[PDB]
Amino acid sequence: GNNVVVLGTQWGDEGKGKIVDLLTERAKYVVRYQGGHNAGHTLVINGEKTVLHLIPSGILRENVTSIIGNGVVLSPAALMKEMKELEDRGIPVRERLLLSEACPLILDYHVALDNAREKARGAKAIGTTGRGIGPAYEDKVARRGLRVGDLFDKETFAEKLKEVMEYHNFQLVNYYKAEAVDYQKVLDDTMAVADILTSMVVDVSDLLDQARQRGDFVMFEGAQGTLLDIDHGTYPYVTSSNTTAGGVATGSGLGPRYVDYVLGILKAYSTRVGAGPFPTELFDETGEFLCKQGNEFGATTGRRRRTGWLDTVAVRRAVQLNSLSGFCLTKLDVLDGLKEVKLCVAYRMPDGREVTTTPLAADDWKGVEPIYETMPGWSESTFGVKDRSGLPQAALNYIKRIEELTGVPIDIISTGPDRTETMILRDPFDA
């Protein structure tokens, strides 16, 4: 297909950055359509690492125009910190990254709000990345937030910023009894980059339309993951945006009928960062093994990721929610050496019933127990394997069983972090 969507099928960190970097070799455009700098991805080429947050995972290819669509909540500081890091590395960010004037702005006070509230929640805290993503989407939806296009008129922006900061500070001081955020500083800081921000503005919805008509390849990149979706996730232990496939059209401006192939990034085991339901979570040695072997640490906060087996019941919600066309199985190599691997095939409900559908809100996951299928592991090293022939029979069975359980094929297999430690059985663009 011309327009390919690549998102997380679990709880984020499935390996989207690497895959987007890899597949963008044929694309003209790459588009982030939701989230903000809460996302954190580690790309690796010839051993060289690059960690992205707000910048799309195709920023390393000059033949590709990276774009942050209207759905993304944009942090000027974050953007500036990333542009500079890459520029000092030979990536002329400014000339390949375009952005939507509609993107909501994440300013200092949103971080204060994020923190104040998270502390207010006490024990029931969400475990957010402290990037102020929540408060940004809140201001947006309330129709009081600031967007990129507001910088078009510096004078009126400053006024809008004064009264809004006024609004939020009353809450920070009086209600939360927290430090107020200084207006003059946020204004200065922002104005310091106003011209850089505006220079990258393009009418992305119309752009994508023109691109579509010409038949150009577009790769849409999702942040976080399906079970973190604001509507369809383990509410309230979710993020504030639609991490699923529908977020593509809302936060880009492209029409829904123009999604040709949706690829879901599936990690061979499961992880979750932040509080919330995690049926197949492991707390034993295998949990430590996984975290250790798959170096599971938040690329944004550095927090240790909760690990567990792969949940095919949960993956099957992702399948239907995103109308997946295919999967990209990642970190197969991390399972190398386990005596046995397990797949969650159903849920034992607290009342006794066995089901193969996931509950919706976090509370309804309360007594849910995982029912697994146990399969034999493999001692051979798959790391670096770029062809199935190098994959052991157990590994091939695991892969095959997942396809059987989900009904969706594994078109791409990833056996290592580096860009080329991958197996492409079916390329989404010509598939």
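Start at 1 with the first residue shown and count on from there.
Novice: May I ask you to compare 59-67 and 380-388 by their mean CA B factor in the entry and name the higher one?
Specialist: Comparing averages over the C-alpha atoms only gives 380-388.
Novice: Mean Cα B factor from the PDB record: higher for 128-136, or higher for 88-96?
Specialist: Higher mean C-alpha B-factor in the PDB entry: 88-96.
Novice: For the listed residues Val4, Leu7, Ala431, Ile424, which one has the largest C-alpha B-factor as given in the deposited model?
Specialist: Result of the comparison over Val4, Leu7, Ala431, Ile424: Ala431.
Novice: If you check the C-alpha B-factor for each of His232, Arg121, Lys81, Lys267 in the entry, which is highest?
Specialist: Across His232, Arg121, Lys81, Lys267, the entry lists the biggest C-alpha B-factor for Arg121.
Novice: Pull the Cα B-factor of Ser252 out of the PDB entry and bin it into the chain's lowest, middle or highest third.
Specialist: It belongs to the middle third of the chain when residues are ordered by C-alpha B-factor.
Novice: Comparing against every modelled residue in the chain, figure out the third that the C-alpha B-factor of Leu332 lands in (lowest, middle or highest).
Specialist: Tercile = middle for this residue's CA B-factor.
Novice: Taking only the Cα B-factors deposited for this chain, tell me whether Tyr347 sits in the lowest, middle or highest third.
Specialist: CA B-factor rank for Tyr347: middle third.
Novice: Going by what the PDB entry lists, where does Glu369 fall on CA B-factor within its chain: lowest, middle or highest third?
Specialist: It belongs to the middle third of the chain when residues are ordered by C-alpha B-factor.
Novice: Pull the Cα B-factor of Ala142 out of the PDB entry and bin it into the chain's lowest, middle or highest third.
Specialist: Its C-alpha B-factor belongs to the lowest third of this chain's values.
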